[PDB]
Each structure stands twice: as C-alpha cells, then as structure tokens.
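Look below for two forms of one protein chain, each set out as structure tokens: first structure 1, then structure 2.
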Structure 1
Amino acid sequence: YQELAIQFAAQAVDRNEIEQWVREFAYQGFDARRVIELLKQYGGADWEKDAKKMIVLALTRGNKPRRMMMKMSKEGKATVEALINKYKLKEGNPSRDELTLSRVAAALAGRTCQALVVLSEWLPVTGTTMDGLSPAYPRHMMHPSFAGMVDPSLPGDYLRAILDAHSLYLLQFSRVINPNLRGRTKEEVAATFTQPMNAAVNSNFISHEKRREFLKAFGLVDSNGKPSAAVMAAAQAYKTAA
C-alpha cells in the first residue's frame, strides 16, 4: 500500500516543470534592475555621476550615511546630505523599493569593481594587506559585488579558482565587517558567506557572455576563461588559509 512512494519515484523528472517551480519559489531579495530604475528616477541625468560618488562612499565609508556625515569635511557632508535627500537613502536592510549605499554598489558591480584599483588603500582590507596573503592579489575581486561578475558557465575548475581567489578576500572582509564573524574559523566564515555569494553567481542579472567579457577586461581570465597567475596563486592561498 503506502510503499507506493515507488510509483511516485518512478515518474521521470521534468527539467522544465521543476525549473518553473524553483523560479516561482525563488528567494526574492536584492533587485539590481529596481535599484537602477530608482537611481534614474531620482537622479535624472546626474544619476551616473551621483552613483559613482555613492560607490566611493559605500566602499570607503560604509552603509550608514547620516552617521558618516558627522565625521567628514564641510564639502563632503554637504554632498552626502544632498544625496540622502535626492535618493531618499537608508541604512541597513530596508524594503525592496528602498535605496542604500550597499545596494547601489551591488547593482553597479561593473563600476564598483573597476573603482577598487584606485580605492585599494582606502578599503577596510587594503590591497597591500591582501598582497601579504597572496602576491599581486586581483584588486577587481576586493568587493562582495564581484560575485555578480562571475560567469557560472565557466569550466568547474576555472570557476572554482575565481571563487576561491575571491573567497580569500571575503574571509578577511567578513571577519572584519561582520561583528558575528570576528575571529571565527575559516569554515564558519565560508558557511555564512557562500549562500549569498552563490546566489549572485547564479542570478539572472548580466548574461554569462557579458560576465565573462568583464572577467576578460579586468584581466582575470584569458580568451578561453583560464584564470590568471594571480587568481591561481590566490585560489591556492585560500586552500591553505586560516
């Protein structure tokens, strides 16, 4: 009777039926498309220049705009106050239709990752610090929003190399900005940062082709997707990392 669970198992699996359901029940959190829609809406023609300012502001000062405003120059405070009021900026994790410095940096990952080369020594974990862990550490990987640039169709060994090279940074960064991860083990830090990382790697924002074009442009992969010597070095550094 009840061991008819065999008949239920016997039915061949439908890739499209299951893919409709996984799509319907999917975690709906960060919408990069909505963020860009809101920036364009509040900023108008100035949205790009203000977004670049907000990327610098997020990467070097954090996600609390009213707090950072208090320990800043006269000119800076005036710019941040204008941005808070134009873009109706918030702190932390508000509703889906609300903008934060984090969300701006995350939706515009292509622009954020390019800025890291210049901003490297102004970050919580500097390029110099990373170079101590792995020589000539890839600066374009030094932000959680880099996960949105990873082509998931890349050969598994090449893909794992990029993510292990990026995880070397995440391990340092997470232990430093997440109060719950201060001094915790590698395995613990990776268990808290892999699920949001892998969601960004397998998101529908930016096609595989565009993602690999960015990795090629940043000099992270070659013509066939083979990671650079620096990525390979970093990927190994993560395997023996503490």
Structure 2
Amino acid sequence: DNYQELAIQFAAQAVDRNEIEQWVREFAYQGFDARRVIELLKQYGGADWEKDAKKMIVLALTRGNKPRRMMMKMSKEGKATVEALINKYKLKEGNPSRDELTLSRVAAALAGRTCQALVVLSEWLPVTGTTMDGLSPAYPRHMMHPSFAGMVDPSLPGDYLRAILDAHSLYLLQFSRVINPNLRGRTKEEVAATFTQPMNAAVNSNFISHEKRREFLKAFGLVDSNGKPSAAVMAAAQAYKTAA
C-alpha cells in the first residue's frame, strides 16, 4: 500500500557480496563451448554425426550460416540433403541458444577439419585464395576462416603469436567486409573491432590443448619446430599492418 516505504525497506537490506556474486555467476554470459556442439552432433546424428559434420563444414564454408535461405538457390539433390540435415540436427540460422546447432558452430567446434577443407574449397569461399594472394603472396589457405583462431596456441612466444593473429586478421578484414555489407565503408580498426573478441575467445578457449594446437600449426606449415611463423605468415602479418 505504501510503495515509497516498500522501496525504502527493500533498499534498507544491505547487499550481501557473496549472495550477489553467486547470482552474477549463475546469470553470466555463457561463451561458445565446442564440447556442447559435438555432444548435440552425437545426440542427433549417432553413428552418422562425422559424415554429416563433413557436409555441414562444406555448407558453412561455401554457402554460409542460413540453412533455409541457401536452400532457395540450390539443386533438388542439395535441397533434399540440407532439408534432412535441418530436421535431424534441428539446425538454426544466426546466433541462437547454446542448446541449438548452427552450420557456423559445427565448423567452429571441428576447427582442425574445417581449416584442412579450406585448401580444397579456396576458390568457393566468400574471399578466395586468389584474392588473398593479390594482397599477400602464397597467403596461408588454412587461415581462411574465423574457426582458424581455435587452432592458435596462445602459449607461443608473443611476437610469433602476434604474427599468426595479424596474418589471420588480414583474411578476417576481407571476409567481414564481404559477408557484412555495413563494414565495407568502415576503417580497418572499426572492422577489427567486430572480429577481435570472437577471435581471442577461440584462441583462449580450453578446447584442444596448447601442444595439440601447435602440432596442427606445424603440420599445416604455419610454424616451424620452434613455433616461428613461415615467411608466408610474416608477409600476411606485414600486409595487415599496411592494410586499409
């Protein structure tokens, strides 16, 4: 009945630091977890999850993250395959609940495979290898997707780590402007402000150990035995420093 008094009496109770912090942790933003993606893939796909994840990586890389929209301009065969994949994995577009699968999340969780596919798929990506070669010669094809950040060892020596991320950022700059048309008229620093947080989140995630991530970088020819980046990565990193 006395609303002012009800508000004052409510304000009278002091803030319990322990209780309030327990609530902030409970309500906190839950970041991308590759384990949840693989769990959902296994749950919906069973023994077929790996073969279907290969198909979804090709869809994510060559057609994007909108399953129903990409179906509108597709062959009868492709349309039937994507329809079955949407029904089975309850595929959604964009950025929904973490209880949902997307083509981008499938590609991000299985980063090791995604980055290998990029060598073959190079000329069918939103920004082709040929386009990247015109900006920096022999541009590393394995860096040509945002999921590459999930293969980056954060324990690498500072300069070597910055060179890998700058090289990858040269792709991220071109890619973001092609798939996001409002970034086309913005500066390198403005476009970078949209991709650095999800890139760093992938670099610093606990999915795939530091050692296994460095083994991938070495196997793909991005770093040597001492973790020193290749001449192609150094070129791409310098091309990023110069880039508009």
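The first residue in the sequence of structure 1 is number 1, and each one after it adds one. Note that the rigid core is defined as the largest set of C-alphas that superpose within 1.5 Å between two forms.
Checked against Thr129, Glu48, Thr192, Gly29, the hinge of the rigid-body motion between structure 1 and structure 2 corresponds to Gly29. Note on conformational change between structure 1 and structure 2: two rigid parts, with the smaller rotated by 55° relative to the larger (from C-alpha fits).
Note on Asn178: its Cα is shifted 2.0 Å between structure 1 and structure 2, core used for superposition.
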